[PDB]
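Undergrad:
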Ligand SMILES: O=C(O)Cc1cccc([N+](=O)[O-])c1
Ligand SMILES: [Zn+2]
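Residue numbers (PDB author numbering): 4 to 125, 127 to 261.
(1) Rounded to a whole number of angstroms, what is the C-alpha to C-alpha distance between residue 135 and residue 141?
(2) Determine whether the beta carbon atoms of residue 154 and residue 217 lie at a separation below 8 Å.
(3) For residue 138, which of 253, 247, 214 and 128 has the nearest alpha-carbon?
(4) Can you list the residues near ligand 2, meaning Cβ strictly closer than 6 Å to any non-hydrogen atom, in the order they appear in the chain?
(5) Is it a yes or a no for the segment 54-69 touching the segment 177-184, going by three-plus beta-carbon pairs under 8 Å?
(6) Whose C-beta lies closer than 7 Å to the C-beta of residue 35 among residues of the same chain, with five residues either side of it excluded?
(7) Quick one: does the C-beta of residue 10 sit closer than 7 Å to a heavy atom of ligand 1?
(8) Do residue 98 and residue 242 have their C-beta atoms within less than 8 Å of each other?
(9) Which residues bound the alpha helix (DSSP H) around residue 19?
(10) Using three-state DSSP, classify residue 116 as helix, strand or coil.
(11) DSSP three-state call for residue 72: helix, strand or coil?
(12) If we count the other Cβ atoms within 10 Å of its Cβ and call it buried at 16 or more, is residue 28 buried or exposed?
(13) Per DSSP, which one or two residues make a beta bridge with residue 92?
(14) Please state whether the Cβ-Cβ distance between residue 96 and residue 244 is less than 8 Å.
(15) Please report the residue range of the beta strand (DSSP E) in which residue 162 lies.
(16) Pull up the distance between the alpha-carbon of residue 237 and that of residue 6, whole angstroms please.
(17) If distances are taken between C-alpha atoms only, which option among 256, 235 and 261 comes closest to residue 38?
(18) Looking at the structure shown, is residue 195 part of a helix, part of a strand, or coil, going by DSSP?
(19) Could you spell out the range, first to last residue, of the beta strand (DSSP E) harbouring residue 149?
(20) Compute the minimum distance between the beta carbon of residue 17 and the heavy atoms of ligand 1, and state whether it is under 7 Å.
(21) For residue 49 versus residue 160, is the C-beta spacing smaller than 8 Å?
(22) Within the segment 172-247, note down every full beta strand (DSSP E) run reaching 3 residues or more, in order along the chain.
(23) Measuring alpha carbon to alpha carbon, tell me which of 215, 107 and 162 ends up nearest residue 152.
(24) Taking 7 Å as the cut-off, is the CB of residue 4 close to at least one heavy atom of ligand 1?
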């Protein structure tokens with residue numbers, strides 16, 4: 004099955020998932036000089052005051068912080084979006100070293116990591133139906149750089165020891181994702197895809213310009229996770245990022261001057 008190795012990594016995904024070579028794949032390089040300011044874009048509305056996290060999961064590809072999405076509790080609206088999108092999970096992508104890890108790039112710059120907050124359009129009723137629609141998901145992407153620690157991340161880092169290997173989960177209630185957001189909500193937006201199989205072309209991407217800072221210690225704890233299951237040969241969970249894909253016939257729009 005798919006993964007991030009030599010034999011099963013991004014460059015192989017197209018054989019099981021031919022949409023890998025589609026017209027609206029993610030991530031992409033954001034060329035800041037060609038992304039045009041669009042005065043018609045709105046401020047993003049991120050309303051996470053009632054978010055109810057429940058659990059953290061090592062799925063063998065990353066870890067997922069999961070939310071109760073059975074009511075309108077943590078929603079993304081505005082920005083480029085029409086309608087209301089409910090938070091279902093967040094996860095990250097990161098590198099073996101601080102010089103790579105992000106999926107999106109900015110003028111070819113790779114960040115140490117990238118956070119993805121995944122939301123589904125309530127007009128489709130559930131996540132599985134939403135992913136079948138071109139406007140089914142909105143993913144908020146946030147870059148991570150290594151410097152100062154992010155106090156709001158530390159709760160996540162400290163639970164990772166309990167989900168070292170694939171298929172482990174742990175109760176993870178009361179975690180507030182507002183602690184992961186940067187000061188500015190300036191963003192770039194474009195139409196794209198999931199970045200893991202099945203690579204469905206169902207996402208409005210909203211990538212924040214301002215990175216968050218995390219400490220080397222924090223990211224080092226991400227790199228102690230394992231792709232393998234309990235008691236199998238250890239292969240560290242690192243470099244779980246898809247590289248930039250062809251932009252094709254897309255425009256990247258900026259919310260800011
Ligand atoms: O389980 C999976 O890898 C598919 C999946 C599910 C939810 C979000 C995703 N994304 O690319 O942001 C991908
Ligand atoms: Zn992701």
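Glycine included, C-beta positions come from ideal geometry on N, C-alpha and C.
TA: The structure says:
(1) 7 Å
(2) yes
(3) 128
(4) 94, 96, 119 and 199
(5) Inter-segment contact for the segment 54-69 and the segment 177-184 is present: three or more beta-carbon pairs are separated by less than 8 Å.
(6) 109 and 110
(7) no
(8) yes
(9) 16-19
(10) strand
(11) coil
(12) Buried, because 16 or more other Cβ atoms sit within 10 Å of the Cβ of residue 28.
(13) 69 and 121
(14) yes
(15) Where residue 162 is concerned, there is no enclosing beta strand (DSSP E), although the alpha helix (DSSP H) it sits in stretches over 158-163.
(16) 15 Å
(17) 256
(18) Reduced to three states, the DSSP call for residue 195 is strand.
(19) 141-150
(20) no
(21) It is not a contact, given that the beta carbons lie outside the stated cut-off.
(22) Listed in chain order, the complete beta strand (DSSP E) runs (minimum 3 residues) inside the segment 172-247 are 173-175, 191-196, 207-212 and 216-218.
(23) Out of 215, 107 and 162, 215 has the C-alpha closest to the C-alpha of residue 152.
(24) False, no ligand heavy atom lies under 7 Å from that Cβ.
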